[PDB]
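Visitor: Quick one: the structure is below, and I'll ask about it shortly.
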Amino acid sequence: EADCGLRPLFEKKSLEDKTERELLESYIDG
Amino acid sequence: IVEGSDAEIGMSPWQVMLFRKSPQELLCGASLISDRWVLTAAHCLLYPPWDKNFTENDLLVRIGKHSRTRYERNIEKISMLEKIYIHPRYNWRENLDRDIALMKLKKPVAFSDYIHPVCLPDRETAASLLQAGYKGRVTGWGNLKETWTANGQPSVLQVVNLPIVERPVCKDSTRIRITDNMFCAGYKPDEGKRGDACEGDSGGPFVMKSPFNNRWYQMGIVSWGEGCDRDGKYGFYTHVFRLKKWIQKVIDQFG
Ligand SMILES: NC(=O)CSCCCNC(=O)[C@H](CCNC(=O)c1ccc(Cl)s1)NC(=O)Cc1ccccc1
Ligand SMILES: *[C@@H]1O[C@H](CO)[C@@H](O)[C@H](O)[C@H]1NC(C)=O
């Protein structure tokens, strides 16, 4: 319940999905 | 999901799939928020104009599925509903205002590398992230196009990253009175990019990764739209935060 949002095969294994850089980069500009 | 690409393995562990018992037909998408609470859209369960008035015993859910085709024992799971809670002030009559519904699993589910709950936003994350221009994630097994033909239903989970649209542009796209409980997202005619949730994707989770803790939060629920991926039209999603009050009053009284 306190490990929400942290995907086991990505955020917890220190990995990014193929497209989350888009979501992060939309916060600055592009 | 229109203009979506096949998902990676375990990329949306909260993704829940709403099926009907008899017939064994896929009704909607949904999201896992706790170890026994699932979140979907209200019209997926109650929409009178199409004779939709489902109960607990009418349907089931499936979790941890990657390939909609071949069943994957051990990793995926099926579950029965103990109760269904539809928002009392869900206004299907006019516009699907307050379009949201919760479902309590008969027995709680165990988390794995492929079944994991999404987080729900606080005031700060919602006010900081739900802004026009920023991009959120939509997932589902819906029609890849607005109108299917002979060759439409995907094999694995489909996913898009759609940017949020300003409230005025949203309420100018459609004739529906859009409320504070809904926001819209999608690209734009002179943006050279497409994407939209479609049939069967309703009720699924609209999520974003918080730059403050690198955690995925559910900002929206796939609510409605004029067809699928239409120029000058956008996908409308339930502003998950506004109704979070309700989400407490049920889970913190029927826990
Ligand atoms: N009825 C009202 O006047 C209020 S608006 C609903 C108007 C009629 N709906 C449609 O044309 C679409 C057709 C397929 N497009 C999608 O599924 C989505 C596109 C983007 C996103 Cl995001 S979902 N279906 C829905 O929207 C789901 C729905 C809504 C209401 C009842 C039953 C099902
Ligand atoms: C279905 O909604 C109707 C209105 O058509 C209402 O009669 C009924 O209570 C709902 N069905 C249930 C709770 O089984």
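Protein sequences, first through last, are from chains A and B. Just so you know, the first sequence maps onto residues 1 to 30 in the deposited numbering. Just so you know, the second sequence maps onto residues 16 to 166, 170 to 244, 246 to 274 in the deposited numbering. All C-beta atoms in this analysis are idealised placements derived from N, C-alpha and C, irrespective of residue type, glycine included.
Give me every residue whose Cβ sits closer than 7 Å to any heavy atom of ligand 2, in chain order.
Guide: Result (chain order): B:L61, B:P63, B:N68, B:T70.
Visitor: What does the alpha-carbon distance come out to for the pair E184 (chain B) and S49 (chain B)?
Guide: Answer to the nearest angstrom: the Cα atoms are 31 Å apart.
Visitor: Are residue 56 (chain A) and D128 (chain B) touching if we call contact CB-CB under 8 Å?
Guide: Here chain A covers residues 1 to 30 and nothing more, so residue 56 (chain A) does not appear.
Visitor: When burial is assigned at 16 or more other CB atoms within 10 Å of the CB, is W65 (chain B) buried or exposed?
Guide: Answer is exposed; the Cβ neighbour count stays below 16.
Visitor: Any C-beta of chain A within less than 7 Å: which residues of the region 120-145 of chain B qualify?
Guide: Listed in sequence order: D128, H131, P132, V133, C134.
Visitor: Exposed or buried, what is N68 (chain B) when buried is set at 16 or more other beta-carbons lying within 10 Å of its beta-carbon?
Guide: Exposed, by the Cβ-count rule.
Visitor: Could you tell me which chain A residues have their CB closer than 7 Å to the CB of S49 (chain B), listed as they occur along the chain?
Guide: Ordered by position in chain A, the residues that pass the 7 Å Cβ test against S49 (chain B) are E1.
Visitor: Return yes when the Cβ of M200 (chain B) is within less than 8 Å of the Cβ of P136 (chain B), no when it is not.
Guide: Going by C-beta atoms, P136 (chain B) is not nearer than 8 Å to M200 (chain B).
Visitor: Taking its Cβ as the centre, do 16 or more other Cβ atoms sit within 10 Å of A165 (chain B), making it buried, or is it exposed?
Guide: The residue in question, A165 (chain B), is exposed, as its Cβ has fewer than 16 Cβ neighbours within 10 Å.
Visitor: Using the DSSP secondary-structure output, state which residues sit across from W242 (chain B) in a beta bridge.
Guide: DSSP lists B:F255 as partners of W242 (chain B).
Visitor: For the structure I just gave you, are there three or more beta carbon pairs, one from the region 32-48 of chain B and one from the region 218-226 of chain B, closer than 8 Å?
Guide: Touching, yes, given that three or more Cβ pairs across the two stretches are closer than 8 Å.
Visitor: Could you pull the start and end residues of the beta strand (DSSP E) that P223 (chain B) belongs to?
Guide: Where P223 (chain B) is concerned, the enclosing beta strand (DSSP E) stretches over 223-227.
Visitor: Would you kindly check if the distance between the Cβ of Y256 (chain B) and the Cβ of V240 (chain B) is under 8 Å?
Guide: Contact flag set, yes.
Visitor: So, with DSSP's three-state summary, where would you put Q30 (chain B)?
Guide: If DSSP states are grouped into helix, strand and coil, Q30 (chain B) belongs with the strands.
Visitor: From the beta carbon of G30 (chain A), is the nearest beta carbon of chain B less than 8 Å away?
Guide: So no, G30 (chain A) is outside the interface.
Visitor: Could you give the first and the last residue of the continuous beta strand (DSSP E) run that contains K264 (chain B)?
Guide: Looking at the DSSP string, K264 (chain B) is not in any beta strand (DSSP E); the run it does join, the alpha helix (DSSP H), is 263-273.
Visitor: With respect to 7 Å, is the separation between the Cβ of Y205 (chain B) and the closest non-hydrogen atom of ligand 1 below this value?
Guide: No, the beta carbon of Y205 (chain B) sits no closer than 7 Å to any heavy atom of ligand 1.
Visitor: Applying the 10 Å Cβ sphere with the 16-neighbour rule, what's the burial state of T84 (chain B)?
Guide: It counts as exposed.
Visitor: Along the alpha helix (DSSP H) that carries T197 (chain B), what are the first and last residues, could you check?
Guide: From DSSP, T197 (chain B) is part of no alpha helix (DSSP H); its letter is neither H nor E.
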